[PDB]
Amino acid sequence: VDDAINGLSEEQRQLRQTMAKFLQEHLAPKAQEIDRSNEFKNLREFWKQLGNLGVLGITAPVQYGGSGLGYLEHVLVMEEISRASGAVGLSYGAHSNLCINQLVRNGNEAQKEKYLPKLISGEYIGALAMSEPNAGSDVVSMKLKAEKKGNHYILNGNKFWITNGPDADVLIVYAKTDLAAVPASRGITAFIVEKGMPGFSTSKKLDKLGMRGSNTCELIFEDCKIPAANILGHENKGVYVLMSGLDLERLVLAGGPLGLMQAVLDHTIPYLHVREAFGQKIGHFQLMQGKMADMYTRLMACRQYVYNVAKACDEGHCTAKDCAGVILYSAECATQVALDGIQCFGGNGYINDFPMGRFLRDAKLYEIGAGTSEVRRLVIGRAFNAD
């Protein structure tokens, strides 16, 4: 049960309803297999369905076949997909926000028309690359070179940790066009690379602790020739599209932890009132009643925290410290809650036959992805520093 004390309108309640019911039969039963195999076999198929529901270009203009909604609805879908499968939620998050939302914001009419429609329909998968083997938290120290040869740029180097890497047909890559920029930040440009471009290659998927099924791989660029027309926004003014898209990323991705915390409750609460020890349902012991209370309040507090910040964003009010704040808090709660879920199940929570362990493994990613908890604390503290 999801008490829409969250302050959701009827339409948004309907959105959550539609998603939940759909995912309940199309994604939820596959979740264990996806994680176990580290692969989502129906990925291209699923994306098409997602596009048909209209959730892929949820924040994209109706002009390109988008739904033209806001981040609050985006987090709702994110949260519901993450509830059914953490891996797919992450993949969805890279596609819909990191990629699509970045395109609607900085792409010109041409780029949007050319790319958006297929991204929005699910025919194309999207991804965003900025992280490198030696540039994760310190993203501005990226070394992917982009040499301007006439009306082309020749990219050389590699990207790492890219979600939907080996499946993306369109990708937003950040590269150093001016490696000698006084402030390094003034030497970066964003480019729209496509699957099949000569020189652009991808490595094998990673064997992760969690989010297994969400394909992450290295991107390799060898003399990859990109036409100047594929630059997102403007040359050397890419640190901006990077940074601005990071706030929205943290905002929308906060739905991951929300869906995960929800999922753990979906299992713990019913189990606590079925499993019996010492003559009564384990859920009737104080210690267990306290567990419920804690998991429940953390999920409820984070939900309101994220929902309000998102509503405000849709109103035109977004801030780096507040976007970082919602995910920083949610991420850490998600992990602790998931840790309690396993505890409530006892031995049963410790076996892979139950998804309790999966929620934990998935949850932990969010304290790392979209910026580690440490980098987020810096973002908030610095905000105050500048006041």
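Numbering starts at 1 and follows the sequence shown.
S.K.: 127 to 135 versus 222 to 230: which one carries the higher mean Cα B factor per the record?
M.R.: That would be 222 to 230.
S.K.: Identify the stretch, either 175 to 183 or 80 to 88, whose C-alpha atoms have the larger mean B-factor according to the entry.
M.R.: According to the PDB entry, the answer is 175 to 183.
S.K.: Highest CA temperature factor in the entry: which of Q286, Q111, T216, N101?
M.R.: Among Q286, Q111, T216, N101, the PDB entry lists the largest C-alpha B-factor for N101.
S.K.: Among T335, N348, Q343, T319, single out the one with the highest C-alpha B factor in the record, please.
M.R.: Max CA B-factor in the entry, restricted to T335, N348, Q343, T319: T319.
S.K.: Classify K159 as lowest, middle or highest third according to the C-alpha B-factor given in the PDB entry, relative to its own chain.
M.R.: Ranked within chain, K159 CA B lands in the middle tercile.
S.K.: Classify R358 as lowest, middle or highest third according to the C-alpha B-factor given in the PDB entry, relative to its own chain.
M.R.: CA B-factor rank for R358: lowest third.
S.K.: Sorting by Cα B-factor within the chain, modelled residues only, which third would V252 end up in: lowest, middle or highest?
M.R.: For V252, whose C-alpha B-factor we compare with every modelled residue in the chain, the answer is the middle third.
S.K.: State the tercile, meaning the lowest, middle or highest third, of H267 with respect to the CA B-factors recorded for its chain.
M.R.: Lowest third.
S.K.: Sort the modelled residues of this chain by their C-alpha B factor and say whether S203 lands in the lowest, middle or highest third.
M.R.: Its C-alpha B-factor belongs to the highest third of this chain's values.
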